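Q: Take these chains first, placed just as they are in the complex:
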Amino acid sequence: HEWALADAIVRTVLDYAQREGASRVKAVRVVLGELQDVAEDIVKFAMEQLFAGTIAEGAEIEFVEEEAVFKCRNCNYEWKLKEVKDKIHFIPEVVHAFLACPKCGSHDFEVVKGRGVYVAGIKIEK
């Protein structure tokens, strides 16, 4: 969810600022996996709202979307999501069952990149 994710981000950033003794936060850059169905505008907004009343208020939020990388072990083959994108309703779904390894015929492919979300850049003012 957008608000819960943004809340996690806010709490985490405020905690880190409480660790480094930051007086104020000026800018925040967050890298998000494309597997997340959250809308960037909603998340950004929620972050902007929960930052109010804190030292991280008025910070510039920048989102960086990373791609998703799948790797099937049945033939040790790696492929991307954009390749399977072009091949309409309910297009996004859990890749666990929705799609296979396009080469072998077995769907047990391990998610390597694009599943998680992490903060990339923080502008600390102390």
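A: Thanks, I have it. Numbering: from 1, shown residues only, chains lettered A, B, ... in the order given.
Q: Tell me how far the helix or strand containing residue A:62 lies from the chain's centre.
A: Element membership for residue A:62, per DSSP states H and E: strand A:60-66. On the basis of C-alpha atoms, centre = their mean, to the nearest Å, the separation between the geometric centre of strand A:60-66 and that of its chain is 9 Å.
Q: just stretch A:1-20 next, same as before
A: Once both centres are worked out by C-alpha atoms, centre = their mean, stretch A:1-20 turns out to sit 14 Å from its chain's centre.
Q: now do stretch A:103-120
A: Relative to the centre of its chain, stretch A:103-120 is centred 13 Å away, using C-alpha atoms, centre = their mean.
Q: got the CA positions of the strand holding residue A:62 in PDB?
A: As requested, the backbone C-alpha atoms of strand A:60-66 are provided in PDB (Å, rounded to 0.1, in the frame of the first residue of the first chain):
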ATOM      1  CA  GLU A  60      12.400  17.200  -2.100                       C
ATOM      2  CA  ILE A  61      11.300  13.600  -2.900                       C
ATOM      3  CA  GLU A  62      12.800  11.900  -6.000                       C
ATOM      4  CA  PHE A  63      11.700   8.400  -7.000                       C
ATOM      5  CA  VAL A  64      13.900   6.100  -9.100                       C
ATOM      6  CA  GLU A  65      12.100   3.100 -10.500                       C
ATOM      7  CA  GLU A  66      14.300   0.000 -11.000                       C
END
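Q: Domain boundaries for chain A, per the record?
A: Taking curated CATH domains as the criterion, chain A consists of the domains A:1-67+A:115-126, A:68-114.
Q: okay, which residue is most central for chain A?
A: For chain A, residue A:32 is the residue whose C-alpha lies nearest the centre (C-alpha atoms, centre = their mean; 2.1 Å).
Q: which residues sit against the strand holding residue A:62?
A: A:26-34, A:40, A:43-44, A:47-48, A:113-114, A:120-121, A:123 (C-beta atoms under 8 Å, 6 or more residues apart in numbering). Any C-beta I mention is one placed from the backbone N, CA and C, and that applies to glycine too.
Q: going on from it, what's the next piece of helix or strand?
A: Counting by DSSP H and E, the element after strand A:60-66 in chain order, helix or strand, is strand A:69-72.
Q: Just the C-alpha atoms of the helix or strand following that next one, please, in PDB.
A: Proceeding C-terminally, strand A:69-72 gives way to strand A:77-80 as the next helix or strand, assigned by DSSP H and E. Output in PDB follows, covering the C-alpha atoms of strand A:77-80 (Å, rounded to 0.1, in the frame of the first residue of the first chain):
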ATOM      1  CA  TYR A  77      18.400 -18.500 -17.600                       C
ATOM      2  CA  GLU A  78      17.800 -14.800 -16.800                       C
ATOM      3  CA  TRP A  79      15.100 -12.600 -18.400                       C
ATOM      4  CA  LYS A  80      13.300  -9.200 -17.800                       C
END
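Q: and chain B, same structure:
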Amino acid sequence: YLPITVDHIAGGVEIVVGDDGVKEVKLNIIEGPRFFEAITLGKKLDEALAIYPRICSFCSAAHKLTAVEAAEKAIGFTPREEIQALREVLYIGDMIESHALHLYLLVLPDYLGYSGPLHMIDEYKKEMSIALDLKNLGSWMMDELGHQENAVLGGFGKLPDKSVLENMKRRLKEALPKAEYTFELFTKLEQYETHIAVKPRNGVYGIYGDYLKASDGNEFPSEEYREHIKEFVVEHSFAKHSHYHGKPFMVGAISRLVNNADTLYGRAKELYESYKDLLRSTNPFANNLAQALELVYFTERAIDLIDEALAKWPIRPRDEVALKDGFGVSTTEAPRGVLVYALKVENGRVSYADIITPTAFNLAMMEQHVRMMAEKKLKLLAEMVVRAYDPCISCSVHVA
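A: Let me add chain B to what's already shown:
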């Protein structure tokens, strides 16, 4: 800027239990529509009116139906009685669908202990038949009158044929005994399992029905009043509770029955006069039963509205002229409870937007409804307490 790496490890309720008893109960089940309230502004009135039904679209049609009202309430222009009654008809269909779905798919597995595929042949055959009939009826009403983008300000985009309306009336006439049977079935099943205590009820008050109204409903009613909303859970806050008159209160079918009892008529009035004791103003579960009663009332009233709609055979959607600096606060009565739409318009564009959901009203008392004393199993009881309020979606998590 400076680049670093912090991997972030990423809807239900949480109850922390203990050997000496339960200590802390908390929930973060819904988000704030604030985002929409900030993106709908600056856009066209119709644009914002197209963005609004995105919030809790599980019951979409209701929102766009009160939004427009607020818009009219902003421009001062009043819709005709015919189109108003039509809005009330669509509203009724939505009500029927939502309540049928909720009551039968959620409350019946709670009491009958069903899980997995709800379709069974040993039982729930006639009940699934009825539920499907009601669902299909309501959804068909919404598909005919309303897919989407049908309801426009001042007047509608497209109106169905009169024959479809007559046939709809016939369908209702055929659907009534199933709603009566539903009311019976929900008159049979259990209340308070016990969670029963003083809960303020809150529901709008209309002249003939609790469908649409301009005055809030409480032991001390009010036409336009803003109640104290409290930001809670701040450590783990996802939403802000609401305190009417400085106290947790409840909305829903129960509230509409308590406040608008005398406004009721027909078979529903008789069933109410009969089961007057079974639905108490202090029990969350009776709401379910009440909804079943509302599956009867709104089935009959609709017909009258149709006979109010056939008062004028030629029907044409009127048009309105926008008004600058216009404040319009429509307070409707969604199936979830009273829904609030506050819209102030300036220069034909959105200036102020404040939308409040019934779920937010029920959240405080639902948090207060937890006097559950059991030793697990209790997750199911809590889930029944929650589904007694008809949430959009819910789940129980117990920390031991």
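Q: Report the beta-bridge partners for the residue nearest to the centre of chain A.
A: For residue A:32, the beta-bridge assignment (DSSP bridges) gives partners residue A:65.
Q: quick one: contacts for it?
A: Contacts here follow C-beta atoms under 8 Å, 6 or more residues apart in numbering or on different chains; on that basis residue A:32 touches A:38, A:40, A:43, A:63-66, A:117.
Q: quick one: which of the residues you listed is nearest chain B?
A: Of all the contacts of residue A:32, the one sitting nearest chain B is residue A:117; the distance, using C-beta to the nearest C-beta, is 5.1 Å.
Q: before we move on, the earlier item: next, the buried residues of the strand holding residue A:62.
A: Of the residues in strand A:60-66, those buried under the neighbour-count criterion (16 or more other C-beta atoms under 10 Å in any protein chain shown) are A:61, A:63, A:66.
Q: do stretch A:70-90 as well
A: Under 16+ other C-beta under 10 Å, the buried positions of stretch A:70-90 are A:70, A:72, A:79.
Q: wait, does the longest helix that chain A contains contact chain B?
A: Taking DSSP state H as the criterion, chain A has its longest helix at helix A:2-20. Yes: using C-beta under 8 Å from any C-beta of the partner chain, we find that helix A:2-20 touches chain B at A:2-5, A:7-9, A:12, A:16.
Q: so which pair among those is furthest apart in space?
A: Pairwise distances across the residues of helix A:2-20 next to chain B (C-beta to C-beta) peak at 21.2 Å, for the pair A:2 and A:16.
Q: With neighbour numbers in mind, choose between the two.
A: Set side by side, residue A:2 and residue A:16 show more neighbours around residue A:2, with 20 against 17, by other C-beta atoms under 10 Å in any protein chain shown.
Q: Residue A:46 is in contact with that one, correct?
A: Yes: checked against C-beta atoms under 8 Å, the pair residue A:2 and residue A:46 is within contact range at 5.9 Å.
Q: OK, contacts around residue B:260?
A: When the contact criterion is C-beta under 8 Å, 6+ apart, the partners of residue B:260 are B:203-206, B:209-210, B:217.
Q: whoops, I mixed them up, residue A:71
A: Residue A:71 neighbours (C-beta under 8 Å, 6+ apart): A:77-79, A:109-112.
Q: what does chain A have sitting close to chain B?
A: Counting by C-beta under 8 Å from any C-beta, the residues of chain A near chain B are A:1-5, A:7-9, A:12, A:16, A:27, A:29, A:41-42, A:45-46, A:49, A:116-124.
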